[PDB]
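Asks: Before we start, here is the structure in question, set down as structure tokens.
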Amino acid sequence: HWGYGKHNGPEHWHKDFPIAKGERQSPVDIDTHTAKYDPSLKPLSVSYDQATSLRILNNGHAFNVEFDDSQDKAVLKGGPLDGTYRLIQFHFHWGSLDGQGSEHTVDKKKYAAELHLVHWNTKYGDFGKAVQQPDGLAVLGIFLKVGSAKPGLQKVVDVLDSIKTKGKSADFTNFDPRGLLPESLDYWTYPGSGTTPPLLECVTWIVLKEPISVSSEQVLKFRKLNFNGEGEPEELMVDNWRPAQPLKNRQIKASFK
Ligand SMILES: O[n+]1ccccc1S
Ligand SMILES: [Zn+2]
């Protein structure tokens with residue numbers, strides 16, 4: 001099955017998921033000189049004060065911090081979006097080394113990691129329905145660079161020991177995702193896809209320009225997770241990122257000059 005090794009990595013995925021060579025795949029390189037400022041873009045509205053985290057799960061490809069999305073509690077709206085999108089989960093993609101790990105790139109620059117806050121359009125009733133629609137998901141992407149620690153990330157880093165291997169979960173209540181946001185909500189936006197199989201073309205991407213800083217110790221702890229199940233040969237969970245895909249007939253818009 002798919003993953004991130006020599007044999008089942010991104011260059012293989014098209015054989016089970018032909019959409020991998022489609023017209024609106026993600027990630028992409030953000031060429032900052034080609035992106036057009038769009039003064040009609042609104043400020044993003046991130047309303048996370050009522051967010052209800054529940055659980056953290058190692059799914060064999062990353063870890064997902066899951067939220068209660070049975071009511072409008074943590075929502076994204078505004079920006080390029082019409083309507084209201086509910087937070088369902090966040091996860092990260094990261095590298096074996098600080099010089100790689102992000103999925104989007106900025107003028108070909110790779111960051112150490114990238115956070116994806118996944119939200120689904122409430123007009124479609126459920127996440128499973130929303131992923132079948134071209135405007136079903138909105139993913140807020142935030143880059144991570146290694147420098148100062150991110151205090152709001154430390155509760156995530158400290159639970160990782162308890163979900164080392166694939167299929168492990170742990171209770172993860174009362175986590176406030178506002179502590180993962182940078183100061184500025186200036187963003188780039190474009191239409192694309194999920195970056196793991198099934199690679200559905202249902203995502204409005206909103207990528208924040210300002211990274212967050214995490215410490216070397218914080219990202220080292222991500223790198224101690226395992227892709228394998230318990231009792232299986234250890235394969236460290238690193239380099240769980242898809243590289244940049246062709247932009248094709250798309251334009252990346254900037255909310256700022
Ligand atoms: O990687 N990924 C997994 C699930 C949903 C979105 C994304 S970006
Ligand atoms: Zn992702």
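Every chain in the structure tokens takes a letter, A first, then B, and so on in the order presented; its residues are numbered from 1, and the ligands are numbered from 1 following the presented order.
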Report as a PyMOL selection string all protein, DNA and RNA residues lying within 6 Å of segment 73-87 of chain A, evaluated on only C-alpha atoms, omitting residues in the same chain fewer than 2 positions from it.
Replies: chain A and resi 41-48+50-51+71+89+118-122
Asks: Those residues you just picked out, can you put them in a file as an mmCIF file, in the first residue's frame with N, CA, C and O atoms?
Replies:
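Dumped everything to out_6.cif:
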data_model
loop_
_atom_site.group_PDB
_atom_site.id
_atom_site.type_symbol
_atom_site.label_atom_id
_atom_site.label_comp_id
_atom_site.auth_asym_id
_atom_site.auth_seq_id
_atom_site.Cartn_x
_atom_site.Cartn_y
_atom_site.Cartn_z
ATOM 1 N N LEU A 41 -9.614 39.849 -2.217
ATOM 2 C CA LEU A 41 -9.536 38.801 -1.177
ATOM 3 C C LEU A 41 -9.791 39.406 0.195
ATOM 4 O O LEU A 41 -9.241 40.435 0.537
ATOM 5 N N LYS A 42 -10.555 38.679 1.010
ATOM 6 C CA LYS A 42 -10.849 39.175 2.363
ATOM 7 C C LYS A 42 -9.843 38.658 3.313
ATOM 8 O O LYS A 42 -9.122 37.685 3.018
ATOM 9 N N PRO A 43 -9.766 39.321 4.494
ATOM 10 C CA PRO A 43 -9.013 38.722 5.566
ATOM 11 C C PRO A 43 -9.589 37.334 5.884
ATOM 12 O O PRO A 43 -10.796 37.162 5.838
ATOM 13 N N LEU A 44 -8.694 36.434 6.241
ATOM 14 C CA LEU A 44 -9.145 35.149 6.691
ATOM 15 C C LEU A 44 -9.792 35.338 8.085
ATOM 16 O O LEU A 44 -9.329 36.167 8.905
ATOM 17 N N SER A 45 -10.822 34.594 8.374
ATOM 18 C CA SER A 45 -11.405 34.546 9.737
ATOM 19 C C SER A 45 -11.175 33.137 10.260
ATOM 20 O O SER A 45 -11.724 32.139 9.771
ATOM 21 N N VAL A 46 -10.338 33.070 11.235
ATOM 22 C CA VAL A 46 -10.066 31.844 12.010
ATOM 23 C C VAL A 46 -10.746 31.915 13.377
ATOM 24 O O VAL A 46 -10.375 32.712 14.224
ATOM 25 N N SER A 47 -11.790 31.177 13.598
ATOM 26 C CA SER A 47 -12.558 31.204 14.859
ATOM 27 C C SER A 47 -12.364 29.895 15.533
ATOM 28 O O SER A 47 -13.150 29.022 15.381
ATOM 29 N N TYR A 48 -11.306 29.782 16.321
ATOM 30 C CA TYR A 48 -10.935 28.580 17.085
ATOM 31 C C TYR A 48 -11.192 28.663 18.602
ATOM 32 O O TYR A 48 -10.859 27.695 19.296
ATOM 33 N N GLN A 50 -13.742 28.076 20.449
ATOM 34 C CA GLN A 50 -14.557 26.964 20.967
ATOM 35 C C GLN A 50 -14.099 25.554 20.509
ATOM 36 O O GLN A 50 -14.851 24.578 20.565
ATOM 37 N N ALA A 51 -12.878 25.479 19.970
ATOM 38 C CA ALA A 51 -12.391 24.221 19.397
ATOM 39 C C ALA A 51 -12.412 23.114 20.481
ATOM 40 O O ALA A 51 -12.122 23.361 21.713
ATOM 41 N N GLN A 71 -20.605 20.121 15.421
ATOM 42 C CA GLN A 71 -21.247 21.447 15.527
ATOM 43 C C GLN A 71 -20.235 22.466 15.137
ATOM 44 O O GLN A 71 -19.094 22.073 15.093
ATOM 45 N N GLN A 89 -9.440 18.074 11.630
ATOM 46 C CA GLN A 89 -8.207 17.546 12.112
ATOM 47 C C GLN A 89 -7.060 18.406 11.722
ATOM 48 O O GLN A 89 -7.201 19.155 10.763
ATOM 49 N N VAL A 118 -7.174 20.984 8.550
ATOM 50 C CA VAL A 118 -8.197 20.548 7.544
ATOM 51 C C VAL A 118 -9.597 20.887 7.966
ATOM 52 O O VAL A 118 -9.978 20.514 9.073
ATOM 53 N N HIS A 119 -10.295 21.547 7.046
ATOM 54 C CA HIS A 119 -11.703 21.996 7.360
ATOM 55 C C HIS A 119 -12.611 21.587 6.223
ATOM 56 O O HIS A 119 -12.224 21.590 5.070
ATOM 57 N N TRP A 120 -13.863 21.285 6.576
ATOM 58 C CA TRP A 120 -14.808 20.890 5.469
ATOM 59 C C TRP A 120 -15.984 21.839 5.439
ATOM 60 O O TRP A 120 -16.440 22.349 6.464
ATOM 61 N N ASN A 121 -16.477 22.041 4.211
ATOM 62 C CA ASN A 121 -17.573 22.966 3.945
ATOM 63 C C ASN A 121 -18.904 22.437 4.524
ATOM 64 O O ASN A 121 -19.403 21.403 4.101
ATOM 65 N N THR A 122 -19.494 23.207 5.436
ATOM 66 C CA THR A 122 -20.659 22.710 6.206
ATOM 67 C C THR A 122 -21.861 22.546 5.239
ATOM 68 O O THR A 122 -22.811 21.865 5.603
#
Asks: Could you list, with a cut-off of 6 Å and counting only C-alpha atoms and all ligand atoms, the residues of chain A near ligand 1, each shown with its nearest atom pair and the distance in Å rounded to one decimal, rows sorted by chain and ascending number, as CSV?
Replies:
residue,atom,partner,partner_atom_place_in_ligand_line,distance
A:116,CA,ligand 1,8 (S),5.9
A:118,CA,ligand 1,6 (C),6.0
A:194,CA,ligand 1,8 (S),4.4
A:195,CA,ligand 1,8 (S),4.7
A:196,CA,ligand 1,1 (O),4.8
Asks: Given only C-alpha atoms and all ligand atoms as the basis, pick out the residue of A:40, A:100, A:8, A:26 nearest to ligand 2.
Replies: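 For ligand 2, the nearest of the given residues is A:26.
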Asks: In terms of the shortest atom-to-atom distance over only C-alpha atoms and all ligand atoms, which of A:63, A:188, A:222, A:13 is closest to ligand 2?
Replies: A:63
Asks: Distance limit 12 Å, reference ligand 2, atoms considered: only C-alpha atoms and all ligand atoms. Which residues make the cut? Give them as a short mmCIF file (atom, residue, chain, number, x, y, z; two decimals) with C-alpha atoms, in the first residue's frame.
Replies:
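And here is the file that came out, part07.cif:
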data_model
loop_
_atom_site.label_atom_id
_atom_site.label_comp_id
_atom_site.auth_asym_id
_atom_site.auth_seq_id
_atom_site.Cartn_x
_atom_site.Cartn_y
_atom_site.Cartn_z
CA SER A 26 -1.00 19.68 -4.57
CA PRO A 27 1.44 20.77 -3.27
CA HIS A 61 1.66 8.21 7.60
CA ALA A 62 1.47 11.08 10.03
CA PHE A 63 -0.37 11.88 13.27
CA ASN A 64 -3.77 13.51 13.27
CA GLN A 89 -8.21 17.55 12.11
CA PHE A 90 -4.66 18.86 11.86
CA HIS A 91 -1.47 17.06 10.99
CA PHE A 92 2.08 17.81 9.81
CA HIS A 93 4.46 16.72 7.14
CA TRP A 94 8.19 16.86 8.01
CA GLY A 101 9.92 18.50 5.03
CA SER A 102 7.42 21.02 3.74
CA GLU A 103 5.10 20.11 0.86
CA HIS A 104 4.56 23.61 -0.54
CA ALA A 113 7.81 20.93 8.21
CA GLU A 114 4.30 22.09 7.28
CA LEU A 115 1.11 22.05 9.35
CA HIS A 116 -2.21 21.35 7.66
CA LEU A 117 -5.46 22.37 9.45
CA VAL A 118 -8.20 20.55 7.54
CA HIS A 119 -11.70 22.00 7.36
CA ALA A 138 -10.25 24.30 2.97
CA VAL A 139 -6.74 23.46 4.23
CA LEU A 140 -4.82 26.16 6.13
CA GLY A 141 -1.06 25.44 5.55
CA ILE A 142 1.52 26.89 7.91
CA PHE A 143 5.32 26.44 7.46
CA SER A 193 -5.93 18.61 -3.80
CA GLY A 194 -5.19 16.54 -0.63
CA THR A 195 -1.50 15.64 -0.70
CA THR A 196 -1.98 12.02 0.32
CA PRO A 197 -3.95 9.33 -1.44
CA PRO A 198 -6.71 9.53 -2.54
CA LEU A 199 -5.42 12.92 -3.68
CA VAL A 203 -9.18 21.61 -1.60
CA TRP A 205 -5.52 25.89 -0.21
CA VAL A 207 -0.95 28.96 2.77
CA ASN A 240 6.27 12.09 4.85
CA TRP A 241 5.96 14.89 2.33
CA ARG A 242 4.88 14.93 -1.32
CA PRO A 243 7.04 17.15 -3.58
#
Asks: Find the residues around segment 156-172 of chain A up to 7 Å (only C-alpha atoms counted), leave out those fewer than 6 positions away in its own chain, and share them as a PyMOL selection string.
Replies: chain A and resi 53-60+218+221+225-230
